Amino acid sequence: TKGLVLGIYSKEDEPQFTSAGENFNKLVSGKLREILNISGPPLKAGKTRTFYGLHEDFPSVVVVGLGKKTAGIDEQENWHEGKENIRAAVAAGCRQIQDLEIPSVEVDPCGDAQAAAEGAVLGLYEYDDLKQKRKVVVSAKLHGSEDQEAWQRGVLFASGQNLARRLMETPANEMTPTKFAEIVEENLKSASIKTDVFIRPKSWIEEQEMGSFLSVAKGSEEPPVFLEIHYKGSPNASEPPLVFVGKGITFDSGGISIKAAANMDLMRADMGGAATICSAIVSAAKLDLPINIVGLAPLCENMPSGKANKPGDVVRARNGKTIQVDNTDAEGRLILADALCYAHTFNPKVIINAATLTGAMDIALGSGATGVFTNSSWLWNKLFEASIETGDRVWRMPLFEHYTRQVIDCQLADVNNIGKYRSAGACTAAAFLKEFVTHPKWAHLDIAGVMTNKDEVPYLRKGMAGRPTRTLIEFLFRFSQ
Amino acid sequence: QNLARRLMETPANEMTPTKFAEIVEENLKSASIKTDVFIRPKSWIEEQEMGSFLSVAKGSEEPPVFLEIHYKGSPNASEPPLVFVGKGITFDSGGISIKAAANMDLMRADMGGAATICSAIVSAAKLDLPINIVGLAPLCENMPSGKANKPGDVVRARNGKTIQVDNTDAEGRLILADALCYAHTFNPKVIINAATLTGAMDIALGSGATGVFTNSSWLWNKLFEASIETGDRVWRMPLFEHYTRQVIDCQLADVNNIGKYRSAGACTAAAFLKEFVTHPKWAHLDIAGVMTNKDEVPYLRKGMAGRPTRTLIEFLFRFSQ
Amino acid sequence: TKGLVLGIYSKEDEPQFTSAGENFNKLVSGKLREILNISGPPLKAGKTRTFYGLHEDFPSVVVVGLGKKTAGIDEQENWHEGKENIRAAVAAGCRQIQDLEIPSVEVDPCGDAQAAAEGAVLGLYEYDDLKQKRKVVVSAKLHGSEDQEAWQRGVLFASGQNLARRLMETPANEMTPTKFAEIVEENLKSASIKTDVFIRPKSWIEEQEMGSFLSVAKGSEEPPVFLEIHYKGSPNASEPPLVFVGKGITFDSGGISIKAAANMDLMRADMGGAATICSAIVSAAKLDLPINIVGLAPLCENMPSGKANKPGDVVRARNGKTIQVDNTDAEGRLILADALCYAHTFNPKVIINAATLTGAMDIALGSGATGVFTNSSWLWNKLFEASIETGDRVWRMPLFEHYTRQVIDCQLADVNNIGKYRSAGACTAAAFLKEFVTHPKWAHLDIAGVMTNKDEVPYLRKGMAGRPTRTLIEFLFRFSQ
Ligand SMILES: [Zn+2]
Ligand SMILES: [Zn+2]
Ligand SMILES: [Zn+2]
Ligand SMILES: [Zn+2]
Ligand SMILES: [Zn+2]
Ligand SMILES: [Zn+2]
């Protein structure tokens with residue numbers, strides 16, 4: 001009927017199976033173990049082998065490599081390695097059932113039903129929607145009935161990611177400042193009726209003295225929308241919130257300080273900051289987490305025109321500070337100078353903000369870890385531990401005065417959107433945003449190196465990554481618990 | 001520090017692979033008679049099967065010198081050492097994979113790795129610290145010529161691994177593939193290496209902190225605490241497999257001096273060097289963002305910085321105590 | 001024991017097998033046909049499926065897609081498509097036996113024992129030699145005993161290519177002007193004792209008034225070698241020859257007119273011209289073809305130094321013409337101004353020359369076809385027909401006066417190594433070489449777009465391509481016959 005992803009570890013006396021496959025072997029009377037011997041060398045990590053006709057109702061059975069049974073937290077990779085073995089491994093497996101065009105598949109729990117589900121679901125995702133030429137659409141259910149809410153936690157966590165991924169990936173002519181707001185509101189509302197959405201327009205933004213956000217919007221003839229998300233998780237609604245903030249440029253052409261044509265099509269995912277955090281709130285509502293969260297996202301585009309933002313311009317942020325706009329591509333910093341100010345209105349506990357802010361971050365760590373600068377070691381630890389579980393690493397970076405200094409000197413104004421020099425790129429951009437924040441537990445996450453995947457993360461196919469949505473969701477689960 | 005600074009700063013026509021060795025030996029010897037120096041030449045290097053170091057040297061008509069420093073600090077001389085390693089390109093023009101003229105005069109301080117660590121050993125001898133330290137530094141220049149290192153070349157490091165040399169400016173990685181191998185000969189405790197290795201480090205942290213990747217959290221802490229005292233900060237960076245992978249795939253050879261992509265610049269370069277090290281307490285310090293000062297560090301005037309020599313010295317004082 | 005690459009076509013009533021697999025089905029008593037049904041959807045062109053334990057002595061059996069049985073010459077692709085199906089298809093198959101680490105494999109003739117062998121052999125090749133980390137070394141023999149000299153013709157033709165490929169691919173510090181000469185001489189001599197080699201040195205070159213070749217060599221401190229190959233194929237030795245000529249820069253850095261670092265490591269294959277043609281003569285000697293062929297190749301490197309060739313320089317070719325050397329990267333043209341002159345000494349019939357000459361050729365056709373300019377429609381046809389058989393296409397390009405004109409005007413000298421403008425890149429370079437040739441049947445083949453493979457040619461793995469060695473060999477077989 002349908003396919004099966006089964007698993008095996010690496011040697012003891014005979015390389016063992018995850019019990020479900022030990023059990024499926026008994027079932028086809030040793031003929032799985034036996035054909036695996038006949039096939040060739042053993043299956044190391046995330047390597048795959050397909051065995052036809054072993055079972056009457058499982059014509060294709062893919063056995064995938066899970067590595068060492070007792071693989072655990074790694075001091076060097078700063079993750080739980082087991083989970084990582086299982087994700088790459090059942091992603092691998094699920095992508096094999098899928099090339100065989102088997103529309104459904106049952107997955108071996110592999111000792112961690114959540115890693116299995118985060119592998120099967122992140123593993124299989126594409127964004128097929130505008131290609132009339134699509135791969136088969138395969139339904140992936142758990143094999144078994146024992147470990148069900150952890151597999152659904154995998155499906156949940158990986159699905160919150162695939163949403164950031166679709167929200168990122170879609171061409172920015174479809175994915176506008178209005179359409180993103182609309183899908184996020186429909187997604188947050190299906191998640192919890194204990195929610196409110198506000199797709200606030202230019203009049204409200206104008207009214208909110210958001211000059212910096214608004215200066216950025218004006219080049220395009222596409223409407224700005226400041227989005228406001230509310231999740232009423234706590235028992236007493238009056239609990240102070242945890243506010244997520246995120247930059248939402250639907251398309252970044254650089255503006256007058258215009259980008260080069262080389263691969264500029266990826267700028268459609270410069271709204272990755274707004275996508276990431278939104279998908280993460282949708283998931284804590286889906287999880288129905290005992291915390292009140294607020295989601296904030298400036299949405300607009302960065303375009304050249306007869307009325308675009310010019311180099312040398314002093315605009316005013318909500319908080320009275322003026323910014324010299326010396327480079328029109330440094331606009332996420334400006335979009336975020338106002339949504340960050342508005343975050344203090346809400347009286348929060350933690351203000352996590354996220355943004356595909358600078359390529360220098362990409363030069364720095366470049367898809368290994370997502371750089372997070374925070375004036376809070378508590379907050380750092382909190383993020384870093386979630387990174388170990390989820391596997392979507394996060395690395396700390398310096399919010400030293402050293403850097404505020406280069407952005408704080410300014411010919412016309414109070415702050416300047418770029419620093420005096422080329423060096424320390426992600427650090428000057430983060431020390432510019434510190435100027436718009438006075439809350440003690442603040443964290444900037446620069447998502448610009450983890451924007452994309454190719455081969456680096458296994459269980460993620462080539463394209464927009466939606467990183468770090470699960471670390472973020474894992475942080476709010478641990479914080480709620 | 002001001003010694004690393006003078007050793008950095010001097011125009012690389014004066015500050016050669018032979019003159020650096022000579023000033024370091026005179027400085028280490030005035031510091032302690034409990035020292036030995038070896039300004040080992042091309043014949044010794046050739047003999048030490050240092051193909052990677054040696055491939056780099058061949059473009060220039062200026063002699064290579066592998067420098068070897070010994071400080072006999074311990075009571076029992078047989079104590080295992082702490083080996084410092086450091087890249088010493090007296091001048092980096094990029095070679096055939098040649099640099100742009102814009103401010104290339106600063107490449108005279110691409111021997112900053114060898115300067116930093118040397119100045120730091122001279123100081124622990126001056127301090128007469130109860131530890132045996134060993135200083136190792138490939139010195140040579142990177143030049144274009146009729147016999148320079150070409151793009152696409154497989155050379156062999158001392159340890160049998162071959163390197164595809166796809167970019168002749170990635171040469172500190174190669175100079176350091178052999179001095180790092182030789183460091184394990186000495187049976188060390190800690191192998192601290194230091195190098196003005198990549199500009200991407202400069203794009204990363206850029207003179208705030210000196211990026212240090214280490215397979216040793218103990219070593220990280222040890223460095224980071226010294227940074228707090230001295231003020232010459234040091235920031236940790238990732239020595240993740242993620243990065244070994246992009247350098248470990250290679251058309252002709254075993255390792256490749258640059259990675260498949262532009263991203264994670266300092267991390268691929270550091271995960272290439274991990275391939276030449278098997279010791280548990282290893283630390284790469286990329287000095288390329290702290291190479292220079294202007295206004296950023298106050299008490300340092302404009303020019304070569306000599307960073308992080310004092311964090312390094314402070315670490316050996318705390319380690320000896 | 002060992003593996004088996006079997007084949008199947010696309011539908012009739014039930015998609016048929018190449019008879020060997022019809023026969024292997026009878027042998028495991030229908031259980032191959034039967035498991036193929038159980039496996040999933042049918043195998044279209046060059047798609048693959050592995051079936052373990054069907055046979056006692058064939059544990060892994062890969063069935064590969066051969067497409068339509070009656071696939072033939074294509075008016076649009078200008079090839080025999082069948083052969084092409086079979087190459088990509090048993091390459092695919094053989095690369096699957098090889099990941100299973102089965103050291104030997106038997107290949108289904110697939111209706112054309114030569115295409116099967118050109119697929120198995122080009123398909124499996126790597127250049128593993130400097131990696132201590134190598135894939136398994138798999139021996140590929142024919143399955144069967146009926147069609148043996150055509151399979152050996154595949155093995156021959158594909159092996160002459162893998163030689164150009166190894167001769168190209170090796171890092172130019174190993175593959176010198178002396179080492180190439182040495183491997184070619186050992187290869188030509190194992191091929192036929194009816195051969196002579198001359199690894200002529202700088203003194204001979206100096207003596208041969210080869211100022212243009214020699215100007216190029218002088219930047220490097222690596223010795224020039226002009227190589228001279230002789231294959232005495234004819235009955236009467238006095239038959240006029242067919243002279244192949246080819247540029248052999250072991251490494252091209254551009255010289256003083258120096259290349260950019262971006263991917264310059266591939267310049268090690270700027271000796272691809274000398275490799276291609278040499279490998280092609282070695283094969284006609286291996287074939288023992290009734291023709292006398294002469295192989296000519298300037299070998300040297302292009303380097304910057306205290307005595308490198310400078311921009312603006314007038315050097316003298318063997319034939320009295322002077323060249324303004326305005327760009328030191330236009331050196332293949334110069335290396336070839338002298339080997340082409342020397343070709344007329346031999347009193348030839350056809351002078352085929354080949355060179356990784358210009359990137360503009362790569363901008364032009366770019367790995368589809370290898371551009372061949374010829375003052376001989378006869379020669380064009382002759383080449384183009386060989387292209388249809390082998391599949392390694394060749395496209396004609398213009399040797400119009402139009403282009404001689406831009407290279408023929410010159411401030412200091414008679415000819416100039418680059419033309420007045422950017423346009424028509426491969427055409428100016430070829431109309432410069434026409435100036436050094438007076439023979440009626442001349443053909444320049446610019447190999448610079450077919451220098452490399454990735455995914456474009458299936459049965460060739462990523463790396464140096466060795467194109468068009470088989471079209472070239474096929475031309476000399478047809479010319480000898
Ligand atoms: Zn921008
Ligand atoms: Zn942006
Ligand atoms: Zn360099
Ligand atoms: Zn360097
Ligand atoms: Zn050239
Ligand atoms: Zn060339």
# chains A, B, ... in the order shown; residues from 1 in each chain; ligands from 1

call {"tool": "select_by_dssp", "arguments": {"residues": "region 73-286 of chain B", "states": "helix (DSSP H, G or I)", "output": "PyMOL selection string"}}
result
chain B and resi 104-109+112-127+172-186+199-204+217-230+241-248+265-276

call {"tool": "residues_around", "arguments": {"residues": "residue 84 (chain B)", "least_positions_apart": "6", "cutoff": "6 Å", "atoms": "only C-alpha atoms", "output": "list in words"}}
result
residues 135, 191, 192 and 193 of chain B

call {"tool": "write_last_selection", "arguments": {"atoms": "N, CA and C atoms", "output": "compact mmCIF listing (two decimals), in the first residue's frame"}}
result
# COMPACT_ATOMS: atom_id res chain seq x y z
N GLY B 135 58.12 27.96 21.23
CA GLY B 135 57.63 28.95 20.26
C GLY B 135 57.98 28.47 18.88
N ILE B 191 48.19 23.77 22.87
CA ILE B 191 48.84 24.28 21.69
C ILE B 191 48.08 25.54 21.31
N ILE B 192 48.60 26.70 21.70
CA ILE B 192 48.01 27.94 21.26
C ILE B 192 48.73 28.37 19.99
N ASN B 193 47.96 28.56 18.93
CA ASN B 193 48.48 29.10 17.69
C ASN B 193 47.87 30.49 17.41

call {"tool": "residues_near_ligand", "arguments": {"ligand": "ligand 6", "cutoff": "7 Å", "atoms": "only C-alpha atoms and all ligand atoms", "output": "count of residues only"}}
result
9

call {"tool": "residues_near_ligand", "arguments": {"ligand": "ligand 4", "cutoff": "9 Å", "atoms": "only C-alpha atoms and all ligand atoms", "output": "number ranges by chain"}}
result
B: 87-89, 91-94, 107, 110-111, 142, 169-173, 195-198

call {"tool": "write_last_selection", "arguments": {"atoms": "N, CA and C atoms", "output": "mmCIF file, in the first residue's frame"}}
result
data_model
loop_
_atom_site.group_PDB
_atom_site.id
_atom_site.type_symbol
_atom_site.label_atom_id
_atom_site.label_comp_id
_atom_site.auth_asym_id
_atom_site.auth_seq_id
_atom_site.Cartn_x
_atom_site.Cartn_y
_atom_site.Cartn_z
ATOM 1 N N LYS B 87 51.796 32.357 12.482
ATOM 2 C CA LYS B 87 52.122 32.566 11.094
ATOM 3 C C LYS B 87 52.944 33.833 10.877
ATOM 4 N N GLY B 88 54.003 33.644 10.097
ATOM 5 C CA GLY B 88 54.971 34.695 9.871
ATOM 6 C C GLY B 88 55.244 35.027 8.419
ATOM 7 N N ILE B 89 54.225 35.504 7.692
ATOM 8 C CA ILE B 89 54.440 35.978 6.321
ATOM 9 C C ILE B 89 55.012 37.400 6.511
ATOM 10 N N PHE B 91 55.735 39.687 4.388
ATOM 11 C CA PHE B 91 54.898 40.434 3.506
ATOM 12 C C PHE B 91 54.025 39.484 2.716
ATOM 13 N N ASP B 92 52.702 39.785 2.728
ATOM 14 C CA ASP B 92 51.669 39.105 1.923
ATOM 15 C C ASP B 92 51.123 39.917 0.727
ATOM 16 N N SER B 93 51.512 39.625 -0.505
ATOM 17 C CA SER B 93 50.964 40.259 -1.692
ATOM 18 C C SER B 93 49.831 39.419 -2.313
ATOM 19 N N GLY B 94 49.519 38.280 -1.672
ATOM 20 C CA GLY B 94 48.532 37.363 -2.180
ATOM 21 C C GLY B 94 49.124 36.328 -3.105
ATOM 22 N N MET B 107 50.344 44.534 4.823
ATOM 23 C CA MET B 107 50.552 43.091 4.807
ATOM 24 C C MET B 107 51.861 42.652 5.381
ATOM 25 N N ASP B 110 51.418 40.676 8.369
ATOM 26 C CA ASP B 110 50.836 39.340 8.252
ATOM 27 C C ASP B 110 51.749 38.330 8.957
ATOM 28 N N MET B 111 52.901 38.826 9.471
ATOM 29 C CA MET B 111 53.776 38.128 10.423
ATOM 30 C C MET B 111 53.369 38.457 11.865
ATOM 31 N N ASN B 142 54.983 35.848 0.753
ATOM 32 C CA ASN B 142 54.097 35.384 -0.313
ATOM 33 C C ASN B 142 54.112 36.347 -1.514
ATOM 34 N N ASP B 169 46.449 33.254 -1.692
ATOM 35 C CA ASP B 169 46.348 34.161 -0.552
ATOM 36 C C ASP B 169 45.890 33.372 0.676
ATOM 37 N N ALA B 170 45.252 32.220 0.531
ATOM 38 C CA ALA B 170 44.992 31.370 1.682
ATOM 39 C C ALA B 170 46.323 30.649 2.045
ATOM 40 N N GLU B 171 47.443 31.316 2.380
ATOM 41 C CA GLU B 171 48.725 30.667 2.641
ATOM 42 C C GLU B 171 49.150 30.505 4.096
ATOM 43 N N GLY B 172 48.558 31.302 4.968
ATOM 44 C CA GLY B 172 48.769 31.209 6.385
ATOM 45 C C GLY B 172 48.243 29.875 6.814
ATOM 46 N N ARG B 173 47.062 29.442 6.331
ATOM 47 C CA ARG B 173 46.521 28.116 6.585
ATOM 48 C C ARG B 173 47.574 27.026 6.255
ATOM 49 N N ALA B 195 47.265 33.893 14.383
ATOM 50 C CA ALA B 195 47.527 34.304 13.043
ATOM 51 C C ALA B 195 46.593 35.352 12.554
ATOM 52 N N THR B 196 47.174 36.297 11.813
ATOM 53 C CA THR B 196 46.421 37.305 11.056
ATOM 54 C C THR B 196 45.876 36.526 9.861
ATOM 55 N N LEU B 197 44.969 35.581 10.121
ATOM 56 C CA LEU B 197 44.571 34.635 9.105
ATOM 57 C C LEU B 197 43.590 35.051 8.022
ATOM 58 N N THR B 198 42.467 35.731 8.316
ATOM 59 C CA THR B 198 41.408 36.050 7.353
ATOM 60 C C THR B 198 40.842 37.435 7.626
#

call {"tool": "interface_residues", "arguments": {"of": "chain A", "to": "chain B", "cutoff": "6 Å", "atoms": "only C-alpha atoms", "output": "list in words"}}
result
residues 77, 360, 362, 363, 364, 365, 366, 423, 424 and 425 of chain A

call {"tool": "write_last_selection", "arguments": {"atoms": "C-alpha atoms", "output": "PDB file, in the first residue's frame"}}
result
ATOM      1  CA  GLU A  77      28.770  20.821  18.197  1.00  0.00           C
ATOM      2  CA  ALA A 360      28.616  40.466   7.486  1.00  0.00           C
ATOM      3  CA  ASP A 362      26.922  35.674   6.892  1.00  0.00           C
ATOM      4  CA  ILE A 363      30.659  36.326   6.460  1.00  0.00           C
ATOM      5  CA  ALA A 364      31.045  35.719  10.195  1.00  0.00           C
ATOM      6  CA  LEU A 365      29.314  32.414  11.116  1.00  0.00           C
ATOM      7  CA  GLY A 366      27.457  31.783   7.801  1.00  0.00           C
ATOM      8  CA  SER A 423      34.811  45.928  10.014  1.00  0.00           C
ATOM      9  CA  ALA A 424      32.682  44.370  12.721  1.00  0.00           C
ATOM     10  CA  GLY A 425      29.644  44.523  10.396  1.00  0.00           C
TER      11      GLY A 425
END

call {"tool": "atom_distance", "arguments": {"atom1": "CA of residue 309 (chain A)", "atom2": "CA of residue 324 (chain A)"}}
result
11.2 Å

call {"tool": "closest_residue", "arguments": {"among": "A:402, A:422, A:47, A:344", "to": "chain C", "atoms": "only C-alpha atoms"}}
result
A:47

call {"tool": "residues_around", "arguments": {"residues": "residue 136 (chain B)", "least_positions_apart": "6", "cutoff": "8 Å", "atoms": "only C-alpha atoms", "output": "tab-separated table (two decimals) with N, CA, C and O atoms, in the first residue's frame"}}
result
chain	number	residue	atom	x	y	z
B	66	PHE	N	62.19	28.44	9.58
B	66	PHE	CA	61.22	27.96	10.56
B	66	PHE	C	61.89	28.30	11.88
B	66	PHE	O	62.97	27.81	12.14
B	67	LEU	N	61.30	29.12	12.75
B	67	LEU	CA	61.89	29.51	14.01
B	67	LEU	C	61.44	28.60	15.13
B	67	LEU	O	60.25	28.30	15.20
B	68	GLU	N	62.36	28.19	16.02
B	68	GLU	CA	62.07	27.41	17.20
B	68	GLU	C	62.68	28.00	18.49
B	68	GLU	O	63.90	28.09	18.66
B	69	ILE	N	61.79	28.40	19.42
B	69	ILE	CA	62.05	29.09	20.68
B	69	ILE	C	61.95	28.12	21.85
B	69	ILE	O	60.97	27.38	21.86
B	83	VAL	N	53.03	24.89	23.87
B	83	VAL	CA	53.54	25.31	22.59
B	83	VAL	C	52.65	26.36	21.94
B	83	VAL	O	51.43	26.21	21.75
B	84	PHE	N	53.33	27.50	21.70
B	84	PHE	CA	52.80	28.58	20.85
B	84	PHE	C	53.39	28.41	19.43
B	84	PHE	O	54.54	27.97	19.24
B	85	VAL	N	52.48	28.64	18.44
B	85	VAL	CA	52.67	28.52	16.99
B	85	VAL	C	52.14	29.83	16.40
B	85	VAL	O	51.24	30.46	16.97
B	86	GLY	N	52.66	30.32	15.27
B	86	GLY	CA	52.23	31.60	14.73
B	86	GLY	C	52.70	31.86	13.32
B	86	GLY	O	53.87	31.66	12.97
B	114	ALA	N	53.30	35.35	14.22
B	114	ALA	CA	54.60	35.01	14.76
B	114	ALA	C	55.09	36.07	15.75
B	114	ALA	O	55.64	35.71	16.77
B	179	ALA	N	53.58	23.81	10.88
B	179	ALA	CA	54.11	24.14	12.20
B	179	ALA	C	53.29	23.54	13.31
B	179	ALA	O	53.85	23.24	14.35
B	183	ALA	N	54.20	20.85	16.22
B	183	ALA	CA	53.86	21.09	17.61
B	183	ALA	C	53.54	19.80	18.34
B	183	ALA	O	53.88	19.75	19.52

call {"tool": "closest_atom_pairs", "arguments": {"of": "chain A", "to": "ligand 2", "cutoff": "10 Å", "atoms": "only C-alpha atoms and all ligand atoms", "output": "tab-separated table"}}
result
residue	atom	partner	partner_atom_place_in_ligand_line	distance
A:247	CA	ligand 2	1 (Zn)	8.0
A:248	CA	ligand 2	1 (Zn)	8.4
A:249	CA	ligand 2	1 (Zn)	6.3
A:250	CA	ligand 2	1 (Zn)	9.2
A:251	CA	ligand 2	1 (Zn)	8.1
A:252	CA	ligand 2	1 (Zn)	5.5
A:253	CA	ligand 2	1 (Zn)	8.3
A:254	CA	ligand 2	1 (Zn)	7.2
A:255	CA	ligand 2	1 (Zn)	9.8
A:267	CA	ligand 2	1 (Zn)	7.5
A:268	CA	ligand 2	1 (Zn)	9.7
A:269	CA	ligand 2	1 (Zn)	9.1
A:270	CA	ligand 2	1 (Zn)	5.5
A:271	CA	ligand 2	1 (Zn)	8.1
A:272	CA	ligand 2	1 (Zn)	9.8
A:273	CA	ligand 2	1 (Zn)	9.9
A:301	CA	ligand 2	1 (Zn)	9.1
A:302	CA	ligand 2	1 (Zn)	7.7
A:328	CA	ligand 2	1 (Zn)	9.1
A:329	CA	ligand 2	1 (Zn)	6.0
A:330	CA	ligand 2	1 (Zn)	6.4
A:331	CA	ligand 2	1 (Zn)	5.7
A:332	CA	ligand 2	1 (Zn)	4.9
A:333	CA	ligand 2	1 (Zn)	8.2
A:334	CA	ligand 2	1 (Zn)	9.7
A:335	CA	ligand 2	1 (Zn)	9.2
A:355	CA	ligand 2	1 (Zn)	8.4
A:356	CA	ligand 2	1 (Zn)	6.7
A:357	CA	ligand 2	1 (Zn)	5.8
A:358	CA	ligand 2	1 (Zn)	7.4
A:359	CA	ligand 2	1 (Zn)	9.5
A:448	CA	ligand 2	1 (Zn)	9.5

call {"tool": "interface_residues", "arguments": {"of": "chain C", "to": "chain A", "cutoff": "7 Å", "atoms": "only C-alpha atoms", "output": "ChimeraX atom specification"}}
result
/C:35,38-40,52-53,59-60,100

call {"tool": "write_last_selection", "arguments": {"atoms": "N, CA, C and O atoms", "output": "PDB file, in the first residue's frame"}}
result
ATOM      1  N   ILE C  35       9.483  -8.327  -9.135  1.00  0.00           N
ATOM      2  CA  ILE C  35       9.824  -7.347  -8.097  1.00  0.00           C
ATOM      3  C   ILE C  35       9.817  -5.921  -8.643  1.00  0.00           C
ATOM      4  O   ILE C  35       9.589  -4.978  -7.878  1.00  0.00           O
ATOM      5  N   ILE C  38       6.346  -4.731  -8.171  1.00  0.00           N
ATOM      6  CA  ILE C  38       6.156  -4.436  -6.756  1.00  0.00           C
ATOM      7  C   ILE C  38       6.845  -3.137  -6.341  1.00  0.00           C
ATOM      8  O   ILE C  38       6.345  -2.494  -5.414  1.00  0.00           O
ATOM      9  N   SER C  39       7.925  -2.717  -7.042  1.00  0.00           N
ATOM     10  CA  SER C  39       8.719  -1.570  -6.606  1.00  0.00           C
ATOM     11  C   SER C  39       8.099  -0.182  -6.709  1.00  0.00           C
ATOM     12  O   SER C  39       8.229   0.649  -5.803  1.00  0.00           O
ATOM     13  N   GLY C  40       7.371   0.051  -7.803  1.00  0.00           N
ATOM     14  CA  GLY C  40       6.709   1.335  -7.997  1.00  0.00           C
ATOM     15  C   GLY C  40       6.445   1.683  -9.459  1.00  0.00           C
ATOM     16  O   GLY C  40       6.146   0.811 -10.270  1.00  0.00           O
ATOM     17  N   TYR C  52      18.250  -6.261  -4.695  1.00  0.00           N
ATOM     18  CA  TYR C  52      19.048  -7.199  -3.925  1.00  0.00           C
ATOM     19  C   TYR C  52      18.506  -8.621  -3.844  1.00  0.00           C
ATOM     20  O   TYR C  52      17.299  -8.876  -3.733  1.00  0.00           O
ATOM     21  N   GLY C  53      19.497  -9.522  -3.846  1.00  0.00           N
ATOM     22  CA  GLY C  53      19.337 -10.949  -3.690  1.00  0.00           C
ATOM     23  C   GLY C  53      18.561 -11.684  -4.751  1.00  0.00           C
ATOM     24  O   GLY C  53      18.128 -12.799  -4.459  1.00  0.00           O
ATOM     25  N   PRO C  59      24.102 -10.446  -6.165  1.00  0.00           N
ATOM     26  CA  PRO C  59      23.412  -9.871  -5.002  1.00  0.00           C
ATOM     27  C   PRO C  59      22.814  -8.495  -5.305  1.00  0.00           C
ATOM     28  O   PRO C  59      21.651  -8.269  -4.975  1.00  0.00           O
ATOM     29  N   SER C  60      23.557  -7.553  -5.914  1.00  0.00           N
ATOM     30  CA  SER C  60      22.906  -6.310  -6.308  1.00  0.00           C
ATOM     31  C   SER C  60      22.778  -6.286  -7.823  1.00  0.00           C
ATOM     32  O   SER C  60      23.735  -6.508  -8.566  1.00  0.00           O
ATOM     33  N   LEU C 100      27.599   0.897  -3.787  1.00  0.00           N
ATOM     34  CA  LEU C 100      27.434  -0.274  -2.951  1.00  0.00           C
ATOM     35  C   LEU C 100      28.745  -0.952  -2.608  1.00  0.00           C
ATOM     36  O   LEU C 100      28.780  -1.826  -1.752  1.00  0.00           O
TER      37      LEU C 100
END

call {"tool": "residues_around", "arguments": {"residues": "residue 15 (chain B)", "least_positions_apart": "5", "cutoff": "10 Å", "atoms": "only C-alpha atoms", "output": "PyMOL selection string"}}
result
chain B and resi 6-10+20-23+90-91+108-109+111

call {"tool": "residues_around", "arguments": {"residues": "residue 74 (chain B)", "least_positions_apart": "3", "cutoff": "7 Å", "atoms": "only C-alpha atoms", "output": "NGL selection string"}}
result
:B and (77 or 79 or 130-132)

call {"tool": "residues_around", "arguments": {"residues": "region 149-158 of chain C", "least_positions_apart": "6", "cutoff": "7 Å", "atoms": "only C-alpha atoms", "output": "ChimeraX atom specification"}}
result
/C:113-115,117-118,121-122,283,470

call {"tool": "write_last_selection", "arguments": {"atoms": "C-alpha atoms", "output": "compact mmCIF listing (two decimals), in the first residue's frame"}}
result
# COMPACT_ATOMS: atom_id res chain seq x y z
CA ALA C 113 28.03 -2.81 -26.77
CA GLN C 114 30.17 0.34 -27.46
CA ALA C 115 27.70 2.87 -25.86
CA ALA C 117 31.26 0.50 -22.52
CA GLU C 118 31.59 4.23 -23.09
CA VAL C 121 34.06 3.61 -18.33
CA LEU C 122 33.41 7.44 -18.66
CA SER C 283 43.77 5.92 -29.49
CA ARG C 470 36.12 10.57 -29.00

call {"tool": "atom_distance", "arguments": {"atom1": "CA of residue 67 (chain A)", "atom2": "CA of residue 119 (chain A)"}}
result
15.1 Å

call {"tool": "atom_distance", "arguments": {"atom1": "CA of residue 437 (chain C)", "atom2": "CA of residue 396 (chain C)"}}
result
18.5 Å
